[PDB]
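Taken in order, these protein sequences are the chains called A and A'. A prime marks a further copy of an entry chain.
All letters in the first sequence, in the order written, are residues 231 to 344 by the deposited numbering.
All letters in the second sequence, in the order written, are residues 231 to 344 by the deposited numbering.
Okay, structure first, notes after.
There are 2 protein chains.
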Amino acid sequence: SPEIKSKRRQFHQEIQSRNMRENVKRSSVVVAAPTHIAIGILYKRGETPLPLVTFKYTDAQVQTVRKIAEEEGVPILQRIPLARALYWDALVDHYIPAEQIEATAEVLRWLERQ
Amino acid sequence: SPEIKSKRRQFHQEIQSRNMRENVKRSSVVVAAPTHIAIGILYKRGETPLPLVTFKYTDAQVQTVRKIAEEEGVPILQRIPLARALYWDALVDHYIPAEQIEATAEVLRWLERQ
């Protein structure tokens, strides 16, 4: 149900016990809405049968994510609709939602070319 | 700057020292994206020269907001685009952003008719 999904999102967010640098470092790429949202994505073919959302940070935390990503060599992409969609619907430390498969694959095709 | 605005959002969210019932009780109306976002709006002509955002809650917290609102007689409206826009851009305990003046006035015209 949408209500249970909401409970799961909140819970999996709260149970996470990682600091920001650790979360950025363990990601493959960060998708961001500048000054608003940063979402970490882990995908290793694999390793990971699907991409996983590793973190969500918002507002001023995004600047800090950008800084750490540059330090740790993790690429950050501006992908406003994807970042918003993952923010609303993804569970942290779970595979990406079905609805974001196409958009996430597009990001990861980009990452593969780097 | 967008960066300073983001710092202000985060700060004003964190400095707030109100519990959920107190926040709902002191609102005039709650605008919600079901299972995702609840935003409290205070407007009293006035009292308040402009509407103020009193709170932001998300995910499973929204169910709790709905419950408390019913208990406390505070109306809740489904207004998905407005709720999202306020979530991203409004500062809690400040007047609503310029961009949401029209949409918020529409909500408050509705409240005035009740």
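The beta carbon of each residue, even a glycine, is placed where N, CA and C say it ideally should be.
{"Item": "Alpha carbon of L272 (chain A') to alpha carbon of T288 (chain A), nearest angstrom", "Value": "25 angstroms"}
{"Item": "Whole-angstrom C-beta distance between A262 (chain A) and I306 (chain A), which should lie under 8 angstroms", "Value": "6 angstroms"}
{"Item": "Exposure of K297 (chain A), with buried meaning 16 or more beta-carbon neighbours within 10 Å", "Value": "exposed"}
{"Item": "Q344 (chain A') burial status per 10 Å Cβ neighbour count (16 or more: buried)", "Value": "exposed"}
{"Item": "CB contact check: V292 (chain A) to chain A', cutoff 8 angstroms", "Value": "yes"}
{"Item": "Whole-Å CB distance - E332 (chain A) paired with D319 (chain A), under 8 angstroms assumed", "Value": "Not a contact, Cβ separation roughly 14 angstroms."}
{"Item": "Other residues of its chain near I234 (chain A'): CB distance less than 8 angstroms, five sequence neighbours each side excluded", "Value": "none"}
{"Item": "Own chain residues within Cβ distance below 7 angstroms of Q246 (chain A), not counting five before or after", "Value": "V322 and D323"}
{"Item": "Option in A':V295, A':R339 and A':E244 with minimal Cα separation from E252 (chain A')", "Value": "A':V295"}
{"Item": "Reference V283 (chain A), options A:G276, A:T265, A:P264 and A:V260, closest by Cα", "Value": "A:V260"}
{"Item": "Helix, strand or coil at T278 (chain A) [DSSP, three-state]", "Value": "coil"}
{"Item": "First and last residue of the uninterrupted alpha helix (DSSP H) at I234 (chain A')", "Value": "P232 to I245"}
{"Item": "Close-in-space but distant-in-sequence residues of the same chain around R314 (chain A') (CB under 8 angstroms, 5 per side omitted)", "Value": "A263 and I267"}
{"Item": "Closest residue to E342 (chain A) among A:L280, A:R239 and A:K274 (Cα-Cα distance)", "Value": "A:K274"}
{"Item": "Check whether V304 (chain A) and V254 (chain A) have beta carbons under 8 angstroms apart", "Value": "yes"}
{"Item": "For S258 (chain A') and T265 (chain A), believed in contact at Cβ under 8 angstroms, the rounded distance", "Value": "Contact flag wrong, Cβ pair sits at about 29 angstroms."}
{"Item": "Same chain, Cβ closer than 8 angstroms to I326 (chain A'), five either side skipped, listed in chain order", "Value": "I271, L280, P281, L282, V283, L316, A320 and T334"}
{"Item": "Entirely enclosed alpha helix (DSSP H) segments - the region 286-339 of chain A', minimum 4 residues", "Value": "291-302 and 310-319"}
{"Item": "C-alpha gap between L312 (chain A) and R239 (chain A), whole angstroms", "Value": "17 angstroms"}
{"Item": "Contacts that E233 (chain A') makes with chain A (C-beta to C-beta distance below 7 angstroms)", "Value": "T265 and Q293"}
{"Item": "Start-to-end residues for the alpha helix (DSSP H) that takes in residue 176 (chain A)", "Value": "Past the boundaries of the shown model lies residue 176 (chain A); chain A is included only from 231 to 344, so the question cannot be answered."}
{"Item": "Option nearest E277 (chain A) by Cα separation, candidates A:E300, A:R256 and A:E244", "Value": "A:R256"}
{"Item": "Own chain residues within Cβ distance below 8 angstroms of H242 (chain A'), not counting five before or after", "Value": "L321, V322, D323 and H324"}
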